[PDB]
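Here's the structure, in structure tokens; my notes come after.
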Amino acid sequence: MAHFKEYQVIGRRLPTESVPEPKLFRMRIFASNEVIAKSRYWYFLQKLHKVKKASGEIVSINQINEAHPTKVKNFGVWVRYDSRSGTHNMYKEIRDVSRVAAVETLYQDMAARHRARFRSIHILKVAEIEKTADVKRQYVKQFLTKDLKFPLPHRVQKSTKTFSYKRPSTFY
Amino acid sequence: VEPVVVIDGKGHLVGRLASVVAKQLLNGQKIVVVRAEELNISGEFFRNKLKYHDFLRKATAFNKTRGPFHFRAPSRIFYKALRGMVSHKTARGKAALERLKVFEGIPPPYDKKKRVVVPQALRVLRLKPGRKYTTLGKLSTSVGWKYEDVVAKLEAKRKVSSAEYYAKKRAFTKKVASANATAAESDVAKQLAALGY
Amino acid sequence: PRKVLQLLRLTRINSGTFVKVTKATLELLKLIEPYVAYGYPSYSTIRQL
Amino acid sequence: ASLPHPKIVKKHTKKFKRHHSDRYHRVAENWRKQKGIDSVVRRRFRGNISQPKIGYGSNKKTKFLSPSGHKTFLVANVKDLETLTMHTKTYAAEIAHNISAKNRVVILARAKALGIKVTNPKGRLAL
Amino acid sequence: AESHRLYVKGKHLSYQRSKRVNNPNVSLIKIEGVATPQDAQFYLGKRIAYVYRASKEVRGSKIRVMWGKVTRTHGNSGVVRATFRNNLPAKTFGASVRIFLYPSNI
Amino acid sequence: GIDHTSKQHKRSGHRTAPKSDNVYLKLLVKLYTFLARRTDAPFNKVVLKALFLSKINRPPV
Amino acid sequence: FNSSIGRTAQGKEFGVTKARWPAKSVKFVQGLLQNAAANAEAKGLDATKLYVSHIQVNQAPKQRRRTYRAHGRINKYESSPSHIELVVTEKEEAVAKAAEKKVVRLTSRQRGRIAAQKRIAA
Amino acid sequence: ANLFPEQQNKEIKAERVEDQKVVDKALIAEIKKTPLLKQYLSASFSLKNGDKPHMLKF
Amino acid sequence: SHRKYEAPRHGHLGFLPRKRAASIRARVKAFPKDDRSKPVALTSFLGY
RNA sequence: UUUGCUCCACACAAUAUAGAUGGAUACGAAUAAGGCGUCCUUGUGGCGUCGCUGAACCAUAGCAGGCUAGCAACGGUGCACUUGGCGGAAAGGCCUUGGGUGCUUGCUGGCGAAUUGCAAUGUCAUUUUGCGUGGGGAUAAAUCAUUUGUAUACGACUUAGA
RNA sequence: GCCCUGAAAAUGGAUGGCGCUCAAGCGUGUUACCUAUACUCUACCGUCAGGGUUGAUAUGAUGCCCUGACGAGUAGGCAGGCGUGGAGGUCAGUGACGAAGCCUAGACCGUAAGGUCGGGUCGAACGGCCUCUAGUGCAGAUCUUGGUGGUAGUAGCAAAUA
RNA sequence: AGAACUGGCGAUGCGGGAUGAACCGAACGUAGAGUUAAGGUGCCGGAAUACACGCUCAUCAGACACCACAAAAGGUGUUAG
């Protein structure tokens with residue numbers, strides 16, 4: 001694969017004689033490829049209404065992009081998953097001016113602040129919030145203070161050549 | 003870049019510096035290390051200490067005579083962080099290592115000549131702020147090496163000498179800098195100023 | 099899975115070909131899935147192929 | 002002379018000395034594919050004397066060809082040299098090790114005459 | 002004035018090994034000022050000869066040479082693969098070879 | 002390698018030479034063979050395979 | 063021929079602190095060294111700078127004898143004789159030379175650098 | 119190969135010599151227009167410690 | 002199988018090898034700490 | 001002992017090379033701070049400046065750099081001397097005084113090279129040794145043989161005998 | 001989850017070693033690079049396979065030449081081969097102007113089995129090709145006979161006083 | 001000790017897991033040159049001292065299938081929930 005892309009997959013099973021023009025459903029899948037996109041749409045639909053790639057078809061495999069990626073996206077996550085034992089539930093607030101990567105910080109946050117593989121992960125509600133108070137996590141409300149700025153010490157300079165002859169400082 | 007290169011020790015993290023050295027060694031660049039005692043390490047001294055104790059009990063029982071040799075000297079300890087990090091059994095390796103000369107303090111030859119500072123070792127580069135580090139000093143002090151102050155004082159010497167040599171060199175190239183100012187304004191200067199150098 | 103590939107042309111490793119998409123031969127594919135890699139070929143491809 | 006033959010390559014010219022003739026003097030260098038159930042040589046182990054597999058045979062176009070381009074034939078006496086009389090560019094007369102200097106030199110004259118390219122001219126002939 | 006080097010210092014490394022056996026035909030080489038593999042293409046193909054010294058004079062000289070040439074950018078920090086009219090004795094490992102700048106394309 | 006779906010180096014078997022040491026017999030062959038090539042006619046292909054035959058595929062008629 | 067025999071300082075003039083003193087050995091080595099000085103004169107050479115260069119010895123036909131081992135056994139105790147012979151060679155100094163000349167072979171780009179020498183200097 | 123290296127007895131012919139002047143004449147005429155040109159050529163060239171050939175533009 | 006009766010050893014290990022010290026002359030393997038606040042004098046001495 | 005040894009300036013038969021080809025090119029500590037200049041009211045300092053790689057700084061044009069002239073300066077600058085001073089951590093190497101001498105590319109001139117045939121390291125280092133140069137210096141010890149015990153299987157240790 | 005607790009045995013010691021601490025460690029996404037008797041394209045080989053081919057003032061059509069494919073392998077099977085003792089046949093072959101044997105960090109042919117040649121050695125009968133004939137090929141059998149060793153100038157020759 | 005399906009070994013080298021008959025990738029005439037498996041890219045050793053999100057200090061860290069063991073029961077250590 002690679003990095004995520006939100007796909008607008010809309011399936012309606014496989015229309016038969018008695019089931020012409022089925023009800024139809026739009027489930028949102030993530031991943032970089034479309035084959036891995038439809039694979040996820042069918043397992044998830046393999047968890048709702050009785051089917052498999054054998055009894056139904058995903059009408060289309062569309063894409064999804066942000067209409068205003070110049071504003072800071074203060075997202076509020078919601079996810080379901082398993083564990084090296086059973087299964088649990090969770091909620092976060094990952095910020096980023098891009099949906100798919102806020103979800104990558106998640107698939108990484110699952111393997112980092114919990115050590116859990118992508119497989120063991122079903123992402124659900126991902127809705128940016130408006131009002132500052134609506135924001136729960138204060139370590140996300142950490143960058144909401146009015147009139148803000150901030151510096152960064154110990155600039156560990158990248159060495160392209162082996163031996164240096166200055167023995168550098170933290171200047172930054 | 004230079005035939006038999008030099009290496010300043012203070013700051014460097016034992017391991018990182020050990021491999022860049024073993025590389026240039028089995029490559030053909032004769033290199034010598036200096037001040038293996040100001041050679042910073044990691045975590046707390048007690049840890050590494052107890053770890054050295056491991057090499058201290060490791061020896062042949064039927065004859066401690068022909069057993070692993072646990073060199074106490076801060077330099078001899080680093081020579082082991084290369085010994086097992088290169089083929090010192092092969093004709094190539096034995097002599098490959100020969101380009102190597104590890105030294106304590108900054109002896110006379112290497113104090114008049116420039117000493118190199120490698121970023122991939124220097125603590126202020128391969129370590130996290132607040133995360134405790136160690137020093138070859140305190141370890142050797144309590145492991146078998148008994149020349150701590152011996153060198154410690156030879157630096158109060160070697161250092162005090164090359165120290166006032168810079169105060170000279172400082173104001174030397176201080177008025178040589180006022181000569182660079184009154185060397186411009188001319189075309190030979192205006193020209194080279196736009197021609198790169 | 100061995101005969102499937104013997105009797106589906108692919109005699110020696112890293113070798114490929116085509117088959118008409120039909121539930122008939124469609125079953126061989128899901129029988130030796132961890133033995134190959136397939137997909138819908140494009141004009142450009144087939145040509146050079 | 003000879004003919005327009007491609008480069009005479011043999012790939013692995015190094016004799017295939019029997020396994021252990023270098024260890025025992027009772028074992029000659031005369032190759033023999035060891036039959037034993039253990040034999041590292043027979044089981045073909047990375048770092049063992051490779052056996053004479055036919056994949057080492059010589060290219061048909063240059064098989065039997067000396068670096069020159071003359072396939073050494075074994076000449077006997079007078080009548081026997083007149084054999085390759087018409088092959089001065091693709092065959093060579095190698096005089097039999099069992100030839101008396103008397104009859105030996107007489108043949109060498111017949112050789113230079115017909116353009117008979119001989120390989121062992123110093124044969125019993127003092128220099 | 003004092004400089005007569007038109008080639009560059011090519012520090013000779015190991016043949017073409019893995020963890021086990023090596024390749025006694027194509028050796029791997031390093032060179033002065035080569036870091037960017039993108040801009041490492043410049044030294045590609047450039048013929049290279051190692052200058053070693055002998056005892057018994059050959060053709061009026063006792064300074065023989067085994068010849069070679071550049072092939073493709075190996076590694077990711079300015080390394081280079083090379084072959085030879087004759088492979089090196091292995092005992093030459095870890096030296097400094099002469100990499101001339103021809104054929105050119107500047 | 003290649004999946005040996007069929008035995009490798011399968012000697013065709015059916016004799017394409019007589020185990021005869023008698024030249025005359027072999028000549029009939031050289032003749033009939035030549036026939037069973039240019040003539041592109043069925044009949045000789047049969048006699049061509051027939052001369053090879055043992056004292057059994059050549060029983061007394 | 064050491065094979066588990068003790069030392070003896072008298073043999074330290076050879077750096078090898080290991081030796082012995084073979085008596086019946088010399089008894090016959092002098093009987094021959096006397097015979098060689100005898101034949102150096104029989105021809106009439108300079109019986110002075112006579113430096114011996116070829117002294118080699120090889121085992122002789124093992125004289126059969128035997129000892130009686132326990133449990134009625136018969137193990138060999140054969141005499142181990144030898145075959146020596148040295149050549150007393152005159153020591154004439156001087157050698158000078160007599161070897162090769164090396165017919166210098168060069169190329170055009172090699173003989174051209176010879177003329178390039180007569181341009182630099184003279 | 120029976121003299122080597124008995125000087126020359128084969129030096130030059132002034133034929134090729136003359137031809138040179140019958141060239142540089144107009145070449146050095148354009149040099150007396152762009153400053154330091156002769157100076158640039160009156161020198162050789164070799165790789166110095168510190169400079170990168172692949173990065174150097176020519 | 003342990004000894005049979007946990008007992009003491011036979012010979013200080015520190016005092017080894019039993020190698021015959023260089024020569025009949027005893028080598029002084031150490032000397033007293035110096036005090037530069039007192040008069041000069043020796044520390045060792047010979048004897049038979 | 002046939003004049004055997006050895007230091008220094010070089011020179012020539014050699015000898016091998018773990019691998020010269022502009023330059024190993026001197027603060028120390030700080031690394032959640034400092035380098036330099038700088039100045040005031042002398043410091044854990046008022047003020048400016050700076051890194052952000054050495055991709056620096058220096059070297060660097062001439063028959064492997066020849067032969068000759070002059071201008072502007074007397075700088076810089078190699079060899080061989082010397083002097084003030086210093087270095088013992090393996091000093092054995094470094095800073096300096098006054099000269100002699102070499103050269104100058106800081107500028108302007110003026111002759112030179114080809115045929116190494118369009119490439120062939122195309123040889124310009126130093127390590128060490130040898131029979132012969134000649135400018136000085138230098139006149140032993142060791143073992144073995146007898147001997148001793150504080151010695152020991154023997155070697156060895158150990159003291160002794162012009 | 002991560003880290004410690006849980007966490008004790010015998011020769012000192014193994015994330016393979018060294019070494020690793022915003023890692024080279026646990027998880028993970030992007031990667032770029034790294035090299036299998038494998039696959040890629042190819043040269044050559046033998047076998048098998050499907051073919052074209054006598055055309056003569058020649059031949060081996062058990063030939064020549066073409067296209068494709070393939071090569072693991074003990075026990076094991078049959079094919080093509082090499083060598084060796086005598087027999088009938090034959091190259092009116094070898095040969096006291098050196099056959100056989102033998103030695104040969106000398107050369108050639110063959111995948112090879114072996115053949116061939118240079119030199120020494122040596123002194124009397126021997127090789128090729130076509131068949132025939134077999135007491136026909138040795139590293140092994142605590143293999144037989146005869147030979148020679150490392151052990152080894154070692155153990156040790158020491159009772160009947162000396 | 002014993003059964004079944006398939007696979008191997010035996011009898012099959014090879015490159016990988018330090019190492020090994022069985023596993024991972026893979027099979028072999030001889031070579032040439034590309035590309036990869038497997039397996040890895042501090043160093044030993046061919047290959048990033050690559051980049052991004054993290055977590056984690058241990059006066060007994062951990063550090064990759066088979067595989068060379070660790071369990072119940074705990075921590076106001078520290079993070080996420």
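Chains as they are written, first to last, in the UniProt record's numbering: chain E, 1 to 172; chain H, 3 to 199; chain W, 99 to 147; chain Z, 2 to 128; chain A, 2 to 107; chain R, 2 to 62; chain B, 63 to 184; chain D, 119 to 176; chain G, 2 to 49. Note that beta-carbon positions come from the ideal geometry of N, C-alpha and C, so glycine has one too.
- Below the 7 Å Cβ cutoff, chain E contributes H154 as neighbours of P131 of chain H, in chain order.
- When A:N77, A:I107, A:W68 and A:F101 are compared, the shortest CA-CA separation from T84 of chain A is found for A:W68.
- The beta carbons of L7 of chain A and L121 of chain D sit about 34 Å from each other, so the pair does not count as a contact at 8 Å.
- Taking 9 Å as the cut-off, the Cβ atoms of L141 of chain H and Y81 of chain H do not count as close.
- Here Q122 of chain H really is in contact with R18 of chain H; their C-beta atoms are around 5 Å apart, less than 8 Å.
- For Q142 of chain E, no CB of chain H lies under 9 Å from its own CB, so it is not counted at the interface with that chain.
- DSSP places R48 of chain A in the strand class (E or B) of the three-state scheme.
- Taking a cut-off of 8 Å for Cβ pairs, the segment 130-137 of chain H and the segment 81-93 of chain H do not touch, as fewer than three such pairs fall below it.
- Within the segment 147-177 of chain B, the residues whose Cβ lies closer than 8 Å to some Cβ of chain A are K164, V166, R167, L168, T169 and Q172, listed in chain order.
- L165 of chain D belongs to the set of residues whose beta carbon lies under 9 Å from a beta carbon in chain A.
- By alpha-carbon distance to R126 of chain B, the top candidate from B:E140, B:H116 and B:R135 is B:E140.
- Looking at the DSSP output, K140 of chain H sits in no beta bridge, so it has no partner there.
- Note that the C-beta distance between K131 of chain D and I146 of chain D is not below 9 Å.
- Under the Cβ criterion of 9 Å, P123 of chain D is counted among the residues facing chain B.
- When DSSP states are grouped into helix, strand and coil, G95 of chain A belongs to the coil group.
- In this structure, DSSP gives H72 of chain H a state outside helix and strand, which the three-state scheme calls coil.
- For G11 of chain A, the secondary structure class from DSSP, reduced to helix, strand or coil, is strand.
- The C-beta distance from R78 of chain H to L27 of chain H rounds to 17 Å, too long to meet the 8 Å contact threshold.
- Below the 8 Å Cβ cutoff, chain H contributes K116, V118 and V119 as neighbours of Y165 of chain E, in chain order.
- Any Cβ of chain A closer than 9 Å to the Cβ of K156 of chain D would place that residue at the interface, and such an atom is absent.
- In this structure, DSSP gives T17 of chain R a state outside helix and strand, which the three-state scheme calls coil.
- Per the coordinates, the alpha-carbon of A63 of chain H lies some 16 Å from the alpha-carbon of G15 of chain G.
- The contact set of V22 of chain H on chain E, defined by CB atoms closer than 9 Å, consists of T162 and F163 in chain order.
- Listed by position along chain H, the residues whose Cβ is nearer than 9 Å to that of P168 of chain E are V119, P121, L124, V126 and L127.
- Here the C-alpha atom of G48 of chain Z lies approximately 45 Å from the C-alpha atom of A77 of chain Z.
- Between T123 of chain W and chain R, the shortest Cβ-Cβ separation is not below 9 Å.
- If you look at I144 of chain W, you'll find it in the alpha helix (DSSP H) that goes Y141 to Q146.
- For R18 of chain H, no Cβ of chain A is located within less than 9 Å of the residue's own Cβ.
- Taking C-beta atoms as the reference points, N88 of chain A and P25 of chain A count as a pair closer than 9 Å.
- Excluding sequence positions up to five before and after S83 of chain E, its CB lies within less than 8 Å of the CB of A116 and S120, all in the same chain and listed in chain order.
- In this structure, DSSP gives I94 of chain E a state outside helix and strand, which the three-state scheme calls coil.
- Cβ atoms of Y91 of chain E and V77 of chain E come within 8 Å of each other, at about 6 Å.
- Look at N182 of chain H here: in three-state DSSP terms it is helix.
- Using a Cβ distance threshold of 9 Å, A102 of chain Z and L126 of chain Z count as a contacting pair.
- Each of H:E157, H:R125 and H:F174 was checked against the Cα of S169 of chain E, and the nearest Cα belongs to H:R125.
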